[PDB]
Structure formats: structure tokens, C-alpha cells
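Below, each chain spelled out in residue letters.
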Amino acid sequence: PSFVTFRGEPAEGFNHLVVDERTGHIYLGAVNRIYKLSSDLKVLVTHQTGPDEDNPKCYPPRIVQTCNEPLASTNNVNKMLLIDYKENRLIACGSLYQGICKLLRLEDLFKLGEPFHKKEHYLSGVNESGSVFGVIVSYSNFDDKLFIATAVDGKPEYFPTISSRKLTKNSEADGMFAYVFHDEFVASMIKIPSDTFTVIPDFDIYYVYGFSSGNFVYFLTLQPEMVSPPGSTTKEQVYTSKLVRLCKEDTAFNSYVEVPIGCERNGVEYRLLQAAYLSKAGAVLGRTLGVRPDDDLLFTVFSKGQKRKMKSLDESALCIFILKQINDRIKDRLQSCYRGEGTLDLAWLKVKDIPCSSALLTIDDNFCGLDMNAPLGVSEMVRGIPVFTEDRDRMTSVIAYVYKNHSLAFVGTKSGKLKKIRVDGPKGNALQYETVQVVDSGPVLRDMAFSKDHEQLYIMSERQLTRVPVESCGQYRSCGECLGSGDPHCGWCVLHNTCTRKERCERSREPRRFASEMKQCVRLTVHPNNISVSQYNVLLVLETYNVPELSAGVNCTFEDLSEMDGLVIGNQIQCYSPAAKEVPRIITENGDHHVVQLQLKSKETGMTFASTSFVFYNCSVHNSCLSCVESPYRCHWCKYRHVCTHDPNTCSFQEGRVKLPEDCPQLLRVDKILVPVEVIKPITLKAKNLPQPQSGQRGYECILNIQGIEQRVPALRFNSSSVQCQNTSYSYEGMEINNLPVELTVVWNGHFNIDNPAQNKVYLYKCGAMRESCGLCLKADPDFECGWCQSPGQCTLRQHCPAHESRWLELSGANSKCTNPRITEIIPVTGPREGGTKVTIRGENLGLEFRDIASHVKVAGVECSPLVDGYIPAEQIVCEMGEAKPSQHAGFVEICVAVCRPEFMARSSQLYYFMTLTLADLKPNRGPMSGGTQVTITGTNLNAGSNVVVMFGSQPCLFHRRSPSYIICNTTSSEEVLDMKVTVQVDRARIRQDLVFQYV
Amino acid sequence: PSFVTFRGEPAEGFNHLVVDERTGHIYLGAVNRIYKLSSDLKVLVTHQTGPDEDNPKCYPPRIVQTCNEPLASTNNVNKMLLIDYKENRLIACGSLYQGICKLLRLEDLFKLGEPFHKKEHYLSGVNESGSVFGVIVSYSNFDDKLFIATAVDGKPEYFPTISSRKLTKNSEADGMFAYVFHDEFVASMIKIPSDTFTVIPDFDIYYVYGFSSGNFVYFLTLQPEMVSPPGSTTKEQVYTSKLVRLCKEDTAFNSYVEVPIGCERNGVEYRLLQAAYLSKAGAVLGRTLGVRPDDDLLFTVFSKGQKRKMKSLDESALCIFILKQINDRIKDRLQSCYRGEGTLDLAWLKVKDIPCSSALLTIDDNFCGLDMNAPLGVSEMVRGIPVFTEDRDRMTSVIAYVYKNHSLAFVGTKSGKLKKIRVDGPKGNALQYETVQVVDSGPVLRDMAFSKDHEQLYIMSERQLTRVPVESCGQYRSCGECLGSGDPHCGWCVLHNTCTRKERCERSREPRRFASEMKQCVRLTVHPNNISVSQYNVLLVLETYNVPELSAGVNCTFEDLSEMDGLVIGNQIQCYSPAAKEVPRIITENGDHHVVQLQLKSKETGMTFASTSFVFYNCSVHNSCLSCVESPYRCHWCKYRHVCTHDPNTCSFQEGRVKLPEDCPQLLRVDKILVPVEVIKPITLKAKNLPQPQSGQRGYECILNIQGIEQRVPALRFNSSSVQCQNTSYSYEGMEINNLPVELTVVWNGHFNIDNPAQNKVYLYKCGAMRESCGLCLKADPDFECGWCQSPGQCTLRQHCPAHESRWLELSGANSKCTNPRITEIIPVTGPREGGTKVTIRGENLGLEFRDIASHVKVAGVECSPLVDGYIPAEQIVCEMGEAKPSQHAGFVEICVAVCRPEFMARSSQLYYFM
């Protein structure tokens, strides 16, 4: 939705706004223009007040007398605007005339009159807008007048800052703007003294806001540095914001009072008034405030500090004053002066301090002021009660009103936004909402008025007027959300199922028709929360609370899908579930269950207000016993029918029903099922609650899901808990993998698959696909019964290998030597003569125990000692060679399993070579002291032996890789010093040489 | 249009005229000529009757016997003319033959015969025309005759004045003009007795008019003084006009009767017949006259008094006689004689009075006369009913006729004009029209006859015959004029838009087609009389009365500008106004309003007959409030818009409307606005209904229109009735004139000038351009406040002169003595020594009061006394010098203002000289 607005009809400018209480027409003061608009902000009429040839310096403007100074077309700013209902007109006081005032007719804006001739007719030279304010007060004839305050600009002789002036019936009449009582000695006006001007050059009083209360007139003002801040001579100007008051009845002007005003937040001072608004509290605020219904309140806005009235600070605070409290402060002050204590203390007015005179008097609120102890100031600054503070974006303006007793406050911001604040000190809370009806880039003005009907709030900007509704609750879809937002205007119109204000809800006055608090929402419950898909037209009872009288009629709508009529009895609603024809259309593809939001559609509104979680659950869809029972819902499984249903009767017969998950027909696990390929073997199974096949039903089968071949073997069900597939052999083609797990499915009557929770599988394993060597087979589990068969040179079960001889060989309990050891290949081919090398020998048919191999290994003559941890049985032996000093140079490797028997020994195909490695040169000769240099050691036979260590300066080098020609290592820090020697030690041999490494 | 006429074909002369009933041919008797003319007055044929060698004195003219007296070629005057239809000829009796008569053939004017031989063939020596008359009466054969009367000229033996004569079929026949019955004792003729001639030498009977009526023959005659007026011996002759009558049937001539006739108007006597005409009354006159249809009437014309038959008086009166009334007078007279009372009383005929004899008789109208109490006269003169009298221009002739029962009378005048008179004694009214068809300078003759068709009336003059239409209504342009003339023939042929007779108007019989009375002329009204310029095609209803059936079709034409079709319903016509496009073309430049004559154009004729005042009213043109409201029309002024408009709504707003003139905006006058040059002064003004300037409107200014410099000074409007220009000074360059009035215009909002009805002005005045002397300034009005300032030697306001001393001098109320008197010049330079001279001395700086100057003046030693009235203060002194007898001869003039102080005296530049 967009907000209705009026763009600066003169796109050029804007200054003041006011609303006519009866009509709702909105009048807008502006520079060079005054507009009359409809409530909708349509342009009713435009008046041209503007550009006049003039000059501020000239006194009586050009029309009255000739001015030496040159004139220029200048803009006439609407300083003030006030509606005079009685007169049926508008006082629209401008400037640039020496401040001549104009009278515009209410309906047409016809200029009734604009008195220029006399001195009184001129208000002030001041060009600034809003620095002026005032009130129009009227009574029947022979009782009446206008109170207005304006800045002087140092014009003290020409104009009075505050005055009490006359407003005659005839706009033509000369008398206008004349002082109510003029005497040579005293006139109903207050001028600024010349002495005060000389002392402080710039002193001026700017009047922000003004209002009539009871029988007085108050003004919120800004003044200069006078004893504040202290200063010997002129320099900087800071302002003090004060409150002023007058009796309406005092022609003498004796009643004048002036108290400084502000408020502080946690040690932060807020001295400067931006705007104010007098209003009522309403029952809520008033009660906790402790006020009478009639008592008034004053919302205000202040900026931080005393500095720069022209351009104030962002920091701003909304404070509050109860009029009773201010009245007390004034009465308190007066009762004091009457005591005779102290001075009057009003710096700008009276330079020389006059003392207060004591006197006997009954000091009342009615007190209008007396001749002695005449106009007076105030010592104690009146503090206000803080409400909301904005640091980031300065508040510009404020308004407030009573709504259903709750007090709503409106606050303009520098940004062009409005805040809707419920004041709850007297209640309990804070800011409800913020809105940007206005103008996204830049600010709002003090003239912000609510409409007469109080539906909207016209918000004025420099550029445009915007009709911001005090309420747009419609945005809220649900009772939970509506009441959730908290912006006080919104309530849940239960029957309408919409969110709006009290006025908007038809028949909201009636009970439970309208909901204010979340508790009131609507709460709904359905007795049969869960209904099965199979059921149809089931009776449901609805319990609803906090709902208005439904006698209009109600319908139950499960969703957009269906709607059934309902009848009301007691405090309940009775509706029926949908038909089976209707229910499954929903259920399809949702499967297990579908929660649906059952709503209530009211007959009068026709909108769904209340909802509940309604479950459609259908047992039949479940394909298996586990899903049926084990699932989350109440469903029964029929073992025989093999169908899941809600009704017990539907099952085949009594013994057939499955209520509990344990009872489901399922296969229990046993020790792993091992199955050799090509062997005829039975496979016994255990299980529970296996059904006895009924008439027209076949027996059990075992189905193995092997990708290569799927086997169907019939089986026998011995009892409710045991099964067995008949003697058969299984195979898979490929010989790719030794152990292949296979899923097995037990079926009966052809299709019926018994549940397998564990998902037990059959392991098909093949006699040595994996083991070519006798040592490997005997190594494997004794369970397999797989063993080595000598004649074939292969390994299989006894069943599998023919017995020419009485025996096929099986490790009886490891007491089985395994023959013809062979050596495939060994690592480090070469080694150092000194020894210490770790030889890694890899063979096929070695000894099973370490103890036998130890002492077995020999390299030629040289004794080699094997390592236990390193040794992997019958596959590999890691052995460390001893001292090689012998004459051989190169020799074959021999392993004798236990004993060096002729059958029992193995010799290496290629011989182990012994060598004296030498090093010629280093790739980098030099490197930094810190080290970390990649050294390239070149030489011959560098690969020999087991261990290698490189030492530069006896400090170790970090080894990387080794080769026959090359050794690569990273240098250590030569903490020692520049230069150094290189020692390489392989095993017991330590070789050195002339090649040196130089540290740089 | 011009009237058809026949000029004296003989340009030389003219005498008688007659019209042939069947043909319409007009025969005209003249001297030496007889003409036959067409109805149109074209010349058909001319006959030469004229100049014959002859002599009046000779009896049987030269042809019969030789005459001793010398002959001379003389003119033959046509004495008489009579149409003999039966005979198919014209009897045209001449003179100069001893009055031989001629017979001219009807068609060709071929002379059938002219009997000269016998005595009867000679009628009378008398040369005068028109003194003769008579009638031709005819019947089938063996019944017939001619009755003719003529003057004798003292020829009593030769010719009979009245006779009954024979008219034979053959013009050649000898018998012609023989007496019907001739006996030795009595013949059908009446002669004048010789005795009567001796007594009165000149006696003669002149016969003016004659006509046959019923079965008688009447003659209107003029006779001499016989017992009237009484006179012992001959001297002067006056005439008595009488009526004569005879039975057609009386061969004996016993029936002769003779009554004097005349009429009187308010004690004025009209005795002499100029002409007469027998006619019918028609239904109108007859009814109120109380007559039968057949009964006749006799219109006549008489001059005042008994004097000069040869040249009668201008005063003349048209009288009337009903034949029944005259017949009664005659019967009454006869029944009386038969009573045996009195004498016959006929002076000229019977010198010795014979008595009437009584006898038993049934006296009827039929009575033809008897042997005893034979021809007789009459005592009681028969009076006639007067009709019209002309004092200035004498009536000469008359005719009358019946038209649609109204009786129209025609009367010739000495001037050559014809009057068309409806006689309405029996009806009610007088003379309708006068015409000069004839001859503008000089008169018309008795022979005036209407045509057979009665379309025209041939009017004869000495010089020319003129065909005057009875009717020539075409001359009249408008219904108002047509019916205005009153000559009864004319009516307004509405659709034709012309003026003519009933016969001439086609379809006049139909209703409202023809208008007889002015009332009938056309009256038109339009319901929406006033329509605004802004409006277009407005429905208008037309009310017309006295109009013929329009079903032919009608169009509405506002003027020559536009024309809109109309439809007829009821007794109204509905037309539409013109479009806005059309209406303003007219309105432009007429301004306030334009009255237009909306006419109706008839479809059949195509001429606009009826009109009305139609108003187009444009308010907008009015520039000011006064013109808008104060003017003559309904217009409203909008104070705020400052525009004038017809619609109230158009004004800015309700409070802004100006309906009344008082409410406007105008400047009221105050005592004259005096403005000194070079002085800062405010000028307060008074006024009424000054507007309060509305939004977007500026304030008031005072603009002075001074040719040298125009000043714009802003002002303040205190209230609806007062203004004031701000402190300023004004000047004009030139120093030419002291008092300069200047027009001032008060304006607001720049251009808007407030109305200034009085046209009040500001008087800019500047202190003595005119007065070099202290005496002159103090003399001037106290109002100016201008006064003499001693130190400067000049004169200006106090404001203008610095006060070293407490005073500048102003005549407080004339109590202010004034220095240095001078004498420019004095009049009478010279004077007599004796004195008494009035010396007029003109100077510059004299005394303010007379009392001081008196005794001041001296001419040298001689004391001179000044005159109060003559003395104009400080400018001039009029003084009278005393006795100069002193030795000086010449001396200088001296004036001492109050006292002859050394500073205070003035002496003349040039001296006064005594001689």
C-alpha cells in the first residue's frame, strides 16, 4: 500500500501545517504559498503570498515610506499559522514585510485583510521559519485576544518578543494587532532591553512551541548565554531552553514566569527543545502517573548539550512533564519570593538585580501576579522524565493521543521516519513500530497533527505532507502474529479472521468477538486427532476457547481440499471427517502420514480463523510387518494375509495377528554363515514366529542374490523358529575376490519375503584364490577346513582333492613343516662391508615361526640376525647383517627353515653385493650458517648397507633419499663457524675425504 | 409619379371639357379649337373653329347680310359643349357669329352642320365663355329637344335668355334651334323686357351650371340689382344668385320658377355661385341625410358677398342642397300662390306687379304650371348647408361621387389644386387630402368631370387638362402614411406592402389582408424582448395582431444581418435567436447594448412588414462599475474580478457582486484639494465602497497626471470610504501659470483605476508669479495663505520664508498697512482746466482701503476726489479732478497712501496736462 501524499505543490518549498477540527481540511503554510488541502491531501486551493520586492533593513516597509536601500525580489516565509474558527478565517503571519500578518478566509482562502500601516502591524524582521509561535484565544464579544512570541534580531525598539494583541472582527479595521492594554508606563507586551543587547550582542528569543492550558498560555523558548555560560565578554553563544507562562487575564503582564527546562540520561545533558506537544494521558498513563482525568501532560523533544541551535546534535531525547508538576514548581517558586528570599534573577530582562519583597498572601494556582516582585525568573531548572533516546537518528517532532486509554506517542526523525511509541512507565514496556511513510532521504517538521477523526497523522517534511495512518494491522495474517506485533492499534477480529482496530471490528463490543492479548487467540483442539485413511465420515468433536458466538454458522475445512458442515451443541462443534473417496486423494504419495491443518471457516466472515494439527495416518500402505507394527502408529499385521490393517477382524484368524514387533516373522542371526564354493552344504537358520503355510500356500525357499547367478533352493520349516536350505553348492564367476558377502532372502509361497532386520548374509568364500603357497593355507583358519594338497600344487578341502596317498596336508595344530622354500627377491641389493644393513628378503614358502628362521639366515658365510617385529611369517624376513670383513665381496643369500636340510634350503637368484663407497664432490660447496641447504653428494656405491648418517662438523644432516650415485640431505646449522668437514658413516664404515663444505 | 396631361395644344387658350360615357374619349372646348382626346389625354383630333373675320355689333353676321361696320379677325370662343349620344355627335356652340352653333361628328369631329341662316340659328352676341349652359334631353322620335340659357348683353329683341329649342336629326335641316312651340302670343322662350333694360341699363342673366333631374331642368344663375340692392337710379351693380326650374313637358313655359340661393357661415354671406354639380349621396350620406336611394343632391360653390361677378372674392364656401328640400321650397311656394296671397314678385320679368290668384288645386311635385299666376319669383331665399370654407384660396369648381357608399367631393382652387373631401355631416369628420396635379401657378375651371370608370378626374385649367387620379395611393410608402392621408380611396394592402384601392388589392376580401383604419396597421410584440449576447438560439414567441393568414410562410429577420425560419402554432410565431457566432458581429463597437429592429419577412411578398424593438445586451464591454450597474441595463459588477458580466455566478464570490450603484467604487469629493509645489503634504481622500484587495492583489496608489512629471505615490485604504496618499512634494516645470489643475487617478493592484465621476482634480499652486507688490498679495484670497515677506522683497507662504523676525506679513483681515507705491500709467493724459475729469490711475503698490486713498490723490496742487465703486484696491484708482483754474498748466500726479510720508508717496512718470 502507498501512503497518500501531497508533494510540495510548490515543489520549491514547505513550513507549517494545521488541521481544522470540524472539516478535516488541512492548511499548509509555506514560503510564498499557503495551501488548503482535503483530508486525502488533494489540493483544494493555493494562495500566492510570495515573492515581494522588499528589504529587511528598511523599517516601515516600502509601502509606507521610501527606503534608501535597494530592494530585491525576496521570498516571504510563513512564520506562523493559526486557525481562528470563530472568525471563520486563518491568520497566516508572514515575514519580509517587517512581519506583516495576513488573514485568509477559511473556505476559499480569500484575503480578508492584511494590516500594514501602523507599527503594531509589523511583527518582526526575522526571516526564519518556526522561530515564532503563539495561541489564539477567543471568547464571546467584549472578551478576547492573540498571544505571540517572536525573535527580534536585535530590533528591540521596533518589536516586542512577546506581546498580547488585539484581534478585531473586521479585517479591514485599523485596530488589529494592537496591544490589549497600552499605558505610557506599562503595556501588554515585553520588550528586550537595549542594555542587554549591548552586553551580549546577539541575544534573541526563539519560540518553538506554544499552547493554552486551563487559563494560561505557555511557551517553550530558546535564549542566549546570560550567566550561562559564564563569560566576561562576548565570544561563544550557547542556549538555555526554558518554559514561559502568562495568565490569560493579565493585561499588565505581571504574571510572566520563566524556568529553565531539560532532562538528563545517565549523566548526559539534554538542554535544547526541538518540539513539544500538549496532550491527555488517557486512563492508562494517568492512573500510574497519579493524575485526574482533566490533568494535562507535555511531551517534548530535546537535543544534547547547549550547542548550535541552528544545527543541533543527533543525540536527542523524548522527555515528559506533568503540568501539575510544573504548576507546582511555579507555585513553589512564587510562595518563595513572597517569603522575601533572594532576588528575582532574570538576567536578560533586568540587568540590575532587584530583590524579592516579602508579603502576606494566599499563594494559589490562580495567582496572576502583582506590582511588586514583578516579572521574575527561576533558579531550579525543572527536570523531566525521560522516555526514549535516539543516538543514531535525531528526533525532530512529536505528537501523542489517547487510544482505548493506552497512550500512543509519535516521533519524527531526521531520517523522515515516524516512531509509534506506547509510553509504559506507568504501564510497562517501550517502542512498538517505525515507519517511513515519509521521505526516505532527509527530515520531518514539528508541525505534526493528528486528524480530527484521529484515523491518520499528517507528517510534514520540507518537501511533502504525508498522511500516515495511526494503523495498518491488515498486514497481519494470524491471531498469533497480529497480537505478536504489539503496536497497540491491532486486535484480532475473531469471526472475520482479520487484524484491525476496535472501531473496525464489527460487533467487537460483544464478548470474545475481539482478541487483545495472545491468550485470547484462538485455541483449538480436536478430540479424534488421528483418523485412519480407511475410515470414513467419522464423528469429531471440536473444543474452541476465546471465540465469539458462532450461531451464524461454521464449516470445517481440513484444507483447501474439502469442507464439511457442522452442528453446534454445548460448548463444542461436531463435524464429520471426509469420505474415503475424498481422503486418499490427499494421502497419496505422502505415505506414512500426512499432518493437515484443519481449519474452521466462519459463515459470516468466510475466512479460516482457527487451526489444529490433524493427522491422516492409513495402515494398509505398509508393505511389511516391521513398518506396520514397529512404526509410529497403531496398526496390526496379519501374518497369513500378509497385509497391514487397523482392524483386528480383517486378519485371517486370531493366531495370525501381530500386535508386537518381536512377534513379526523375522530371521534371527547365528554365527556367520560360511559357504565354500563348489561344496555341497546345508545352511541351517534360526528365526522367530515363522508362519505355517495355510491352504493354497506353498513352502519355503532360500534365494541367494549373487550377481553372477541367483540360486533358488527350497527349504523346510521345522518349526516356528528354524529353517534349512537343502544340500547344494554355490559359485560365482570371476575368482576376483576371496570373500563375497551375499544378501539372502527367505521366501515362502513364492513371493512372500520374510523380514530380515539384521540383514543377514551368506559369505561365499573360495579354497585359495588368495593362497598359492602351502604356508598361506595352513596359516588360515582351521574352521575353513581348507588345506594344502601336495600333488596338485594347489590347496583345497579333502573333499576336493583325491587321495592317492593317505594324506593331503593340513596344519594339525601348526605342527606342520611346509617344504621347498624360495626367494623371489630381496631389497638392498648392495651393502657396506662393515655390515649393519637391514636386508629385506621376500619369499614364498618360509617357516611359520620366527624362532626357526632366526639363525637360519646367512649371506654367504656372514651371519645375519633377523628382526622379530619386521618379520612377516612365511612371506618376508627382515634381517640385519653382521661384519662383512671376509674375502668374498659378493655372495648368495641362504635361508634354512629350521635346519639346513637339503629339501629345506633356499638360495637367492641374484647375489648380494658388498662394497667401499666413496664421495668425490658436493653440489653446493657453500651455504649459509643457519643451514637448510640441499646438498648433493656425488660418489660411488653410496647405496650400500643399511643405515646412513651424514655429519657436517659432527652435527647431523637431515637425510632425504639415497642412490648409488647420489646422497641428498639437508644441512644443519653450523652454529660453530664458517668452514667445516663432511663425514659419512654407513654401518661400521666411516669414510671421509678432502671435500669440504664451507659455511658462509 | 407624374400626372398625365394635355398641354394647351393650342398653347394659346382653353374653355370647356366633357367625357363620353361609353368611350371615355374626352372632348375639350376651347377658343378657336375643339379637341378630341383619349382617356390618357393623348391628342386624338383637332378641329379649327377659330379666327373668323367678324364684328359683334353687326346683326345677321356678314354671311347673311352686309354690315357697315368694319370687320377684324376675331377669336371664336366655345361658349358651350354638349354630347348628343343619340345623334352620335357633339353640339359645340360658339360665339362671334352672333352665336352660331356647330355640330361635330362624334368620332372624327367632322362638321355635320352649322346653321347660320335664320334668326334662331343665332344664340347671342356674348363673347364670354362659360356664361352659358344648358342640357340636351332626348327621347325616341316624336318626343325630344335642347334647353339653353345665355346672356343677352342688352340684345333683348335679338335673343332670348332662356329657350326651348328643337334639334332635328339632319344637321343640314333648316329647322334647327327653332322654338319647340311658337305662337304669336306665347313661344317656348323667355325674353328680357325692354322696359327693364331702360330702368337698369346692364341687366343680364349669366348661366353657370345646368342639369336635368327627374323630369325637370334646373339652372344656377346670376342676375343684377333689381330691388337688390335698393337704389333709386342706376349706379352700382350687385348680383343675386338664384335657382331656375322648368318642366321638360311645358311648351308654354308656364312652369318657370326662380328662387334666390345662398348660405351663411357665422354671419358671413355667400351669395355668388361659382359652380355646382348634381350627384348621388351613396348609402352613407343618404342615410343620415334621410333620403331615398334615388334622391339627388347638389354640391355648390359660392363666393362671399354680392360684389364683382367679373372678379369675385377669395372667400368661398362649399354648400349643399338636397333636391327634396328645394322641391319642397318650390311646392311650398306654389301652394302659397294658389292661396292667393301676395304678388308673383319677379322684378326683371314683370315690372308691374301682378297679384296671385287663388284657386282650388291639388298641388303636387308634378305641377307643370298654369295660365294664371304665370311665371313667378320667390321671396324666401333658400339657404344651404355649409361644408368647407376656404379663406386663403378661393374654390373654383366642384364634383362628387359615390365610392363604397362614402361620398367623396372634389374641389378646384384658384391655386390649381384639388381637394378630396369626405363629407361627413351625416358621417363625422372633414378634408382628407389636397393635390397639385394641376398647375402650380394660377386656377381650375368648373368643367371638371370624372371618367366613366371613375378611376380618374380630368381637371381643366386655362392652360391644360390634367388627369388626376381619384386615386393615386401609390404615393404612400407606409401603412401609417397611407391611412394617414384619409383620401378615402386608399387602403394598405398588407402583404403587398403598398397603398391602393380595394379593387387593386388582390385577395383584399379575405381577412386582415387589407387595412382601412390606422388601427389595422400592424402591431408586433416579442416575448423575450431582451436577450444577452452570450446566449444562443433562444426560443422567442411573437404576438402579432391585424395580420392576414401567414400560412404561406414567414421568416424572422433581426436586420439585414440574419434570418431564421419560424414555425406557426396557435396565434403565435416561434423563431430562434441567432447563434453566438452571428450575434457579436453586430454587437461589436455598440458596447452597452444595441437595439435592433426585428422584422418579419413574409414568404409570399418577400418584404419586411412588421417590426419591434429588440435588444441585444453585452455587459462585458463595460470597463467600470459605474458603467456596468449605473448604466441603463441589467449588468452585474464583480468587485474582485473587476469585470462586468450578466451572470452572478461568474463573479469571484458572493460578497463580490455589485447589483446597486451605491455599493460600487467611486471617489467622493471634498473641499478643493490645494497642493503647494515643493511642500511635503498628505492628501486625504473620501470615497465609497472601496474594495479590500483580495489575494494576489496589491494595494492603492495615487497617480497624478502632470505633463511635466507624473508622480506615483502609494496610499493606504483605511476603510471602505477613505484614502490618503503619503507625504510627498509635487512640482511642475515652467513657472508659467499659478494655478494648475491636474487630473488624478486612484489605482490599486497596478492597473485597476477607481471610478471618478466628479473627476476630482488636484490643484498645484505656486505664490506671486503675478504679484510684485505687497498690496497685491494681501489683496488675494486668504485661502491661499500666500503672504508678503518683507526681507525678500517677495511674497510666499510662511513655510517658504525664513523668520529672522517673528513676523512675515499677512493681511490679518485687511488691517495691514502696506510701502513704495508706484504709478505705472494713467488715462486721460490731458484734461480741461475746468476739471470734472475722471482720471484713471493704475499703479502696483497702493493702499488696501479706500478710506486712506481718499484725500490722498492730488494732481499737482489740485485736489482730486476718488470714486469708491471705480476703485480697485492697490491696483487702480479712479478719481475726479476739481477746478484747475490755477497757474500751472501741467503737473505731476501724486498719491499719498495714508499720509504723505517720504517712503509712502508716489509720483507719476509723465505729467498730466491741462488745456
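Residues numbered from 1 in each chain as written, not as in the entry; some residues may be left out. Chains lettered and ligands numbered in written order. Heavy atoms only, no water.

This deposited entry lists X-ray crystallography as its structure determination method and 8.001 Å as its resolution.

A.B. asks: Let's hear about the overall build of chain A: which residues, and what values?
C.D. replies: When its secondary structure is counted, chain A shows 8 helices and 78 strands. Taken over the C-alpha trace, chain A has a radius of gyration of 54 Å; the compact-globule value for 1000 residues is 30 Å, which it surpasses by more than 25%. Taking the principal axes of its C-alpha atoms as reference, chain A extends roughly 155 × 100 × 55 Å. Within chain A, the fraction of its 1000 residues that count as buried is 51%. Summed over its atoms, the accessible surface of chain A is roughly 49700 Å², and 49% of this surface lies on carbon and sulfur atoms. Charged side chains of chain A number 107 positive and 112 negative; the gap between the two group centres comes to 2 Å. (Helix = DSSP H or I, 4+ residues; strand = E, 2+ residues; numbered from the N terminus. Rg over C-alpha atoms; globule rule 2.2 N^0.38 Å. Buried < 20%, exposed > 50% of the residue type's maximum accessible area, 1.4 Å probe, protein only. Areas by Shrake-Rupley, 256 points an atom, 1.4 Å probe, with all protein chains shown as cover. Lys, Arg positive; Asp, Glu negative; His and termini not counted. Charge placed at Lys NZ, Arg CZ, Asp CG, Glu CD.)

A.B. asks: An account of the UniProt feature "disulfide bond" in chain A is requested, with residue identities and associated values reported.
C.D. replies: All names here are of chain A. Measuring sulfur to sulfur gives 2.0 Å for the UniProt disulfide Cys337/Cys356, short enough to count as a bond. Here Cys356 lies in the loop between helix 3 (323-337) and strand 24 (382-383) and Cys337 lies in helix 3, a separation of 19 residues in the sequence. Of the two residues, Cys337 and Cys356, neither departs from the other in class, the shared state being buried. Between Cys482 and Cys499, where UniProt annotates a disulfide, the S-S separation is 2.0 Å; being under 2.5 Å, the link is counted as present. Of the two residues, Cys482 is situated in helix 4 (residues 479-485) and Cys499 in strand 34 (residues 498-500); the sequence distance between them amounts to 17 residues. Each member of the pair, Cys482 together with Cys499, is buried. (Disulfide = S-S within 2.5 Å. UniProt positions renumbered as here; feature names shortened; annotations may be inferred.)

A.B. asks: Quick one: what's the story with the packing of aromatic side chains, residue by residue and with numbers?
C.D. replies: The full count for this structure, using the stated rule, is 59 aromatic pairs over all chains. Seen in terms of ring centroids, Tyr209(B) and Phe211(B) are 5.6 Å apart; in terms of plane orientation they differ by 35°. Their pairing is tilted. Taking the relative accessible area as the measure of exposure, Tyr209(B) reaches 13% and is therefore buried. For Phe211(B), a relative accessible area of 5% translates into the label buried. Taken together, the ring pairs in this structure connect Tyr59(A), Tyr122(A), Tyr158(A) and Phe159(A) into an aromatic cluster. In this arrangement the basic side chain of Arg105(A) is found over the ring face of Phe653(B), its NZ or CZ atom lying 4.4 Å from the centre. Over the aromatic face of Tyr732(B) sits the side chain of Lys766(B), whose NZ or CZ is 3.9 Å from the ring centroid. (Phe/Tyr/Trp six-rings, centres within 6.5 Å; stacked < 30°, edge-to-face > 60°. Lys NZ or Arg CZ within 6 Å of the ring centre and 35° of its normal.)

A.B. asks: Kindly report on the sheet that holds strand 35 (residues 514-515) of chain B, identifying the contributing residues and their values.
C.D. replies: Residues and elements named next belong to chain B. Pairing is antiparallel across the open sheet formed by 3 strands, whose spatial order is 34-33-35. The sheet terminates laterally at strand 34 (498-500) and strand 35, the two strands that pair on one side only. Pairing analysis gives 2 bridges linking strand 33 (residues 491-493) to strand 35, with the strands arranged antiparallel. Opposite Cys493, over in strand 35, you have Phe514 as the bridge partner. (Pairing = 2+ DSSP bridges.)

A.B. asks: Kindly report on the pattern of salt bridges, identifying the contributing residues and their values.
C.D. replies: Residues and elements named next belong to chain A. Evaluated as defined, the whole model comprises 67 salt bridges over all chains. Put simply, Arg467 and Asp40 hold a salt bridge, and the shortest N to O gap is 3.4 Å. Pair noted here: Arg467 is in strand 32 (residues 464-469) and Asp40 is in the loop between strand 4 (33-37) and strand 5 (43-48), with a separation of 427 residues, a long-range link. Judged by its relative accessible area of 15%, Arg467 falls in the buried class. Note that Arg89 is salt-bridged to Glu87, the shortest N-O span being 2.8 Å. Judged on exposure class, the residue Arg89 and its partner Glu87 are both buried. Taken together, the salt bridges that share partners define one network made up of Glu455, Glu471, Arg501, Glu503 and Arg504. (Salt bridge = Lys/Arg side-chain N within 4 Å of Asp/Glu carboxyl O.)

A.B. asks: Please give an account of helix 3 (residues 323-337) of chain B that cites residues and values.
C.D. replies: Its 15 residues place the ends of helix 3 of chain B 21 Å apart at the C-alpha level, agreeing with the 21 Å of an ideal helix rising 1.5 Å per residue. Check the buried side of helix 3 of chain B and you find it contacts strand 16 (206-213), strand 17 (216-223), strand 18 (240-247), strand 19 (257-265), strand 22 (297-303) and strand 23 (316-322) of chain B. (Expected span 1.5 Å × (residues − 1). Contact = heavy atoms within 4.5 Å.)

A.B. asks: Explain the UniProt feature "disulfide bond" in chain B residue by residue, including any values.
C.D. replies: All names here are of chain B. Per UniProt, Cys263 and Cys319 form a disulfide, and the coordinates bear that out, putting the sulfurs 2.0 Å apart. Of this pair, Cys263 sits in strand 19 while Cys319 is found in strand 23, placing the two residues 56 residues apart along the sequence. Of the disulfides listed in UniProt, the one joining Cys473 and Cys490 is reproduced in the coordinates: its sulfurs are separated by 2.0 Å, less than 2.5 Å. Taken together, the residues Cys473 in the loop between strand 32 (464-469) and helix 4 (479-485) and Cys490 in the loop between helix 4 and strand 33 connect sequence positions 17 residues apart. For the pair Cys473 and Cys490, a shared accessibility class is recorded, and that class is buried.

A.B. asks: How would you sum up the interface of chain A and chain B? Please name residues and give values.
C.D. replies: Counting residues at the interface gives 17 residues for chain A, matched by 13 residues for chain B. Our count for the chain A to chain B interface comes out at 2 salt bridges. Notably, a salt bridge pairs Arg717(B) with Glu172(A), separated by 2.1 Å at the nearest N-O pair. Put simply, the parts of the chain that give the side of chain A that touches chain B at least two residues each are strand 5, strand 10 (101-105) and strand 11 (111-113) of chain A.

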